[PDB]
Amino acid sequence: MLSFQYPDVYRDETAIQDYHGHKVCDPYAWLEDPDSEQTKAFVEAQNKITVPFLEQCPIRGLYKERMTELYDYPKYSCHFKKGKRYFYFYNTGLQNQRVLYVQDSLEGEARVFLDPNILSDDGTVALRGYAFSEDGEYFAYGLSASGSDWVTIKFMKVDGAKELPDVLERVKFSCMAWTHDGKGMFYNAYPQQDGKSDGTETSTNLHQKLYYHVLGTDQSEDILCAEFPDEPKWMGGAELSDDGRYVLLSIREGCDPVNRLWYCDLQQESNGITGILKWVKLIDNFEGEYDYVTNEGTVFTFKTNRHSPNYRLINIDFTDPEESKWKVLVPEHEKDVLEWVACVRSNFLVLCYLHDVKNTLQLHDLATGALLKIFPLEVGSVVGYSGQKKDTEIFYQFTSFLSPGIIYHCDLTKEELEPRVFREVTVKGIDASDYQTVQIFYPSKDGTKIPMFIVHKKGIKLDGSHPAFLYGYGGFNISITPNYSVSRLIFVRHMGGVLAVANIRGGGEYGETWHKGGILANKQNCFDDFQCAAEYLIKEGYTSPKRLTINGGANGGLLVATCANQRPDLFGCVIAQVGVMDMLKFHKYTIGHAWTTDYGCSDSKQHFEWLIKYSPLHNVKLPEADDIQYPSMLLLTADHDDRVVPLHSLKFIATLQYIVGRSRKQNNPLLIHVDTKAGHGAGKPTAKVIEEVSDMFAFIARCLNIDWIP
């Protein structure tokens, strides 16, 4: 029969909970405890069968070698100036973590400023956030170990790259902002909690507070500047205005792009920062987002979505704060989303728009908002930018599906502006001209036209014979734009596959209306959109059900897992990374309470009724037809993923193996791989990234029996 046997997993049939009258059984509830011998044994047993399966066919080694070769290309970030020096991140190619360099001039020799690689043998300690003092002489940086969201903030004196004694603990989802007097830095921290705080715990994160750390002191001396004891879920991030006069507090609750905005005129403090600041509650509700751009005196420019779904720029004068008095600096565009805006060279605004899922970059006048210059870009994404108000030049990084980055530079002091190539890297082995990217719009179930990028070798016959890899996310106002992925291109070139990315609802591709189209009561829209994408690829002849692989991560993991339950006949392989699988209990762990803005919460009868319909953990069912089985599935998670606690995947795989894996007609494998010293994904070292993609494509290869193409 099969080559391996699924592990014995105890079913606690007494675990029954009542959700507003509906009895729900959770037989693997015990997997919620990561510290138990039972759970440890479970993980060990699952990995024991997954690893040999993935490593059996030599195609994995072929893929790993090719990935190690092709991924070995110089990787730079935009240069950015702080004080009298320039900084930039650079990875020579295969370093586990990118290194931060410093140079005293653009033509000067660069030296290593911060090398995270020497902090661990395996590169599992990574930089997570940083902040330079206004004068650029001091530097704060966060470090996370094993992929955890938890951070320890450390400090350095820039001149000489001197280590300082200051260390801040209990930092997570924190701001980092220095006051311009150079005395200290604002940051967020959570209260002491029982148990561990290393990324392996599941404990809910509440009561985050805003503190001020004076350089040269112990964290126990830190000043508490803002706290919301009556609102446990609020999170207040601080930033200083460009002139350093005001502390702007952005309070968020949940993941919607909205925030309260309070301010503190530092000059009005009785005796400096000594306790809870004299906050003026400018915007004291969660009805809209207000993202600070710059200010001229009391006139503050904010990027907002207040009655502007595609976003716009408005000016609020603190001296005449009523909404009826706000000035619209740059009106909302009928369809293009204003993604972000930066102020540079005092009176210039850099605006980045998303037009049909492709970026555009424009320069505008701060005083009038009028368009001054269009920066030419090919089809793709702007994924990096540098240029603060006092800077006189900008750098920006562009990427696409077929090419790594091109970093451009533009000296804004020249009357005739014209960006110039500053850095460009070419991957030897992947000739971009051999492939093509197309964008099509397909109708979903309800008729809504959804965009989808498709990348493939030029001149293929659309006869349905090609394996395909369809990616999707769908939620949280996140736009899935073009990105350079050598791993995916190896699938195209060496596995003869077709790549597709569906910009389903719930994302931010078409503004807040697109986001609202895939949340709460309408979450099913996401799944319908994605299923329709698969149907489009099949109908048009790009692939066939048995040769189609779907992939998503986190909320995207929820996407592909649900699609496997709803339309098992439509896919051949499903790879769900760090997915949210238990939609009834997600809100109980770590930062999960924040996702209720997209999903709702089971505590509500109304929400429960939406959730129970698509929750992956609660919708595993044998297909009715004798000729339909579940697709091959691979769940990927890690023991320090404190963003989406691994229990989601643990309970889901147990359920799949028991309900579906035991069926005689099920021949496709249902596996999970739980990595160690890793988390959700941010900061994952190069070595691990390579192993992961090798596991993914090896799985696809074995399940669909795809031959390697040298």
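Residues carry their position along the shown sequence, with the first being 1.
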| query | finding |
| --- | --- |
| 618 to 626 versus 442 to 450 - which carries the larger mean C-alpha B factor in the record | 618 to 626 |
| Residue range whose averaged C-alpha B-factor is higher in the record, 331 to 339 or 422 to 430 | 422 to 430 |
| Per the PDB entry, maximal CA B factor within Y138, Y73, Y589, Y471 | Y73 |
| Per the PDB entry, maximal CA B factor within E287, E253, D243, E269 | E269 |
| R643 - Cα temperature factor, lowest/middle/highest third of chain | lowest |
| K539 - which third its CA temperature factor falls in, relative to the rest of the chain | highest |
| Third of the chain's Cα B-factor distribution that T562 belongs to, per the entry | lowest |
| Lowest, middle or highest third - CA B-factor, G579 | lowest |
| For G683, the third of its chain into which the C-alpha B factor falls | middle |
